[PDB]
Amino acid sequence: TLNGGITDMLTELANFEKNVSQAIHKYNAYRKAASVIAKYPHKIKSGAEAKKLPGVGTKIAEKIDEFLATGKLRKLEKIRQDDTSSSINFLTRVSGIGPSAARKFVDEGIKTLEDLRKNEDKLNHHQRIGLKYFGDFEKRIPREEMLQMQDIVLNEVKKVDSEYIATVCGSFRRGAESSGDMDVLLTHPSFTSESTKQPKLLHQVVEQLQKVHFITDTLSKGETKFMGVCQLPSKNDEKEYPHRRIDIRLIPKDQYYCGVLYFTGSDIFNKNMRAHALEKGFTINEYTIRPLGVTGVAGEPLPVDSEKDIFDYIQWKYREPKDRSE
DNA sequence: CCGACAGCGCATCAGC
DNA sequence: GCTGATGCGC
DNA sequence: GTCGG
Ligand SMILES: Cc1cn([C@H]2C[C@H](O)[C@@H](COP(=O)(O)NP(=O)(O)CP(=O)(O)O)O2)c(=O)[nH]c1=O
Ligand SMILES: [Cl-]
Ligand SMILES: [Cl-]
Ligand SMILES: [Cl-]
Ligand SMILES: [Mg+2]
Ligand code: NA
Ligand code: NA
Ligand code: NA
């Protein structure tokens, strides 16, 4: 974090563009710049120096010069002082409240935690749970707790059907010392790209995690993706652990490598890798890598028997999960 | 200059 | 009910 | 906002 001040500034600009301006490409431009600077191994001395990095252009270069000179950005100073922008930015920190809902709430004069609490009837189910655990969801998860949660999830999944394979992905699989949530990839031999030979495969696992009181709440749930809330059990007389977000994704078993590549991330790594794929004439999703024909239509799935196979196709040297934290 | 920017699951709604 | 668009999420 | 062509 040689360049913490700068990458914080760009992230704040990103968040403004996403939540207030609703300019998603500006958001991603700022995040890409923050990312490339984050792993740049020198303490940056100028905007011109930063502008050599890909993703950093003239505008960001000038902002870095202002920041280096003064320790601040006037544009951000103003944004921080704007009530509508500060309110909208805040409301989006509730899970299930995005830029559109946030602006709409602020329109009706709902713009604080208190306002949300008194207007619970105006929230959909996801938003109500996001509000319920607002404090908890901004806390990080020590890797030691991630390991206990892993133990529980893998053991409970085993009790349902010993042929399930649960893999913890996200920042955990990239070796992070703390995670923002838990991400779990699930496979079962009955569910492949060819067939689903058994219904309720995700439901059964969710139901078991609920019954042992690990999963406490549900934000959303379909046939292949669960989004909800979990909690470690605490000992006698101990303060309870915070509630945690948990994502579970059931992936066709024969497509495990594309699925684990996707769910390991980072999100910016995935965007960079999939963009590069396109430049190489392929498209990557969580299921397949496919060639692009001249028209731009995707062809048939290419054989994949490892994460590295996917890197090979697009002519990237293999990068271990721990080196994917972009 | 300017088109493209990763790719997809689930919830909610409008239009039929 | 379905289909397609949009919001929010991974 | 940035970049490739
Ligand atoms: C948010 C997001 C996630 N993903 C993938 C990659 C990510 O690593 C995986 C888990 O999502 P996450 O939101 O839990 N991200 P994380 O890398 O686990 C970081 P954190 O959860 O520890 O804060 O889902 C994407 O491909 N695109 C995305 O926009
Ligand atoms: Cl934009
Ligand atoms: Cl600032
Ligand atoms: Cl596919
Ligand atoms: Mg995560
Ligand atoms: Na650059
Ligand atoms: Na939110
Ligand atoms: Na997650």
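The sequence lines fix the lettering, A, B, ..., with proteins before strands; numbering per chain opens at 1.
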Are A/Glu108 and A/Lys104 ion-paired here, with the side-chain N under 4.0 Å from a carboxylate O? yes
If the cut-off is 4.0 Å, is A/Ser95 near the phosphate of C/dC8, judged by side-chain N/O to OP1 or OP2? no
Heavy atoms only, 4.0 Å cut-off, all strands: where does A/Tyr27 land among base, sugar-phosphate and nothing? nothing
Could you state the CE-P distance from A/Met227 to C/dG7, rounded to the nearest angstrom? 17 Å
Please enumerate all residues that pass salt bridge (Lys or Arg N to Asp or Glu O under 4.0 Å) together with A/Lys197, with sequence neighbours excluded. none
P atom, B/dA6 versus D/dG4: distance in rounded Å? 15 Å
Provide, to the nearest angstrom, the distance between the CD1 atom belonging to A/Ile314 and the P atom belonging to B/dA6. 14 Å
Does A/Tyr287 place a side-chain N or O at less than 4.0 Å from the phosphate oxygens OP1/OP2 of B/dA6? no
Please check if any side-chain donor atom of A/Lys159 sits under 3.5 Å from a side-chain acceptor atom of A/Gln208, or the reverse. no
Restricting to pairs with a member in residues 213-223 of chain A, which pass side chain to side chain donor-acceptor pair (under 3.5 Å), not counting sequence neighbours? A/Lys132-A/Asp217, A/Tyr133-A/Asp217, A/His203-A/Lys221
Quick test of your reading: applying ring-ring contact (aromatic ring centres under 6.0 Å, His included), list the pairs with at least one residue in residues 60-118 of chain A, sequence neighbours left out, ordered by first then second residue. A/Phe90-A/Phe134
Could you check which of C/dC8, B/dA6, B/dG9 has an atom nearest any side-chain atom of A/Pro99? C/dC8
Please report the distance, rounded to the nearest Å, between CD in A/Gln22 and P in C/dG9. 13 Å
How close or far is atom P of B/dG7 from atom CD1 of A/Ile24, stated in whole angstroms? 16 Å
A/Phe269 CZ to B/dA6 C1', in whole Å, measures 13 Å
Which is true for A/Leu13 with a 4.0 Å heavy-atom rule: it touches a base, it touches only sugar-phosphate, or it touches nothing? nothing
Is A/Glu300 atom CD crowded by more than 12 heavy atoms from other residues, nucleotides or ligands, each under 6.0 Å away? no
Let's see if you get this right: which residues in residues 100-134 of chain A place a heavy atom under 4.0 Å from DNA chain B? A/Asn124
Tell me: CZ of A/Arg290 to P of B/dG7, nearest whole Å? 9 Å
Produce the list of close N/O pairs, under 3.5 Å, pairing protein atoms with atoms of nucleotides 1-5 of chain D; give distances to one decimal.
from: D/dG1; atom 1: OP1; to: A/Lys59; atom 2: NZ; distance (Å): 2.8
from: D/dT2; atom 1: OP1; to: A/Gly57; atom 2: N; distance (Å): 2.8
from: D/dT2; atom 1: OP1; to: A/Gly57; atom 2: O; distance (Å): 3.4
from: D/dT2; atom 1: OP1; to: A/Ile60; atom 2: N; distance (Å): 3.0
from: D/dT2; atom 1: OP2; to: A/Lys59; atom 2: N; distance (Å): 3.2
from: D/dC3; atom 1: OP1; to: A/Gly55; atom 2: N; distance (Å): 2.9
from: D/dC3; atom 1: OP1; to: A/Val56; atom 2: O; distance (Å): 3.4

Taking CD from A/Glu326 and P from B/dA6, how many angstroms apart are they, rounded to a whole number? 14 Å
List for me each residue that meets salt bridge (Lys or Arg N to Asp or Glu O under 4.0 Å) alongside A/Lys52, sequence neighbours excluded, and say none if there are none. none
Tell me what A/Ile284 touches on the nucleic acid: a base, only sugar-phosphate, or nothing, going by heavy atoms under 4.0 Å. sugar-phosphate
Expressed as a whole number of angstroms, how long is the span from A/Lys225:NZ to B/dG7:P? 18 Å
Mind checking A/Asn285 for me? I need base, sugar-phosphate or nothing, with any heavy atom below 4.0 Å counting as a touch. sugar-phosphate
Contacts of A/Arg173 that satisfy salt bridge (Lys or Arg N to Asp or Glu O under 4.0 Å) - sequence neighbours left out: A/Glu307
So which pairs with a foot in residues 56-68 of chain A pass side chain to side chain donor-acceptor pair (under 3.5 Å), sequence neighbours left out? A/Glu66-A/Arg74
Considering residues at least two apart in sequence or located in another chain, which fulfil the side-chain contact (heavy atoms from CB on, under 4.5 Å) criterion with A/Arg128? A/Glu120, A/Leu123
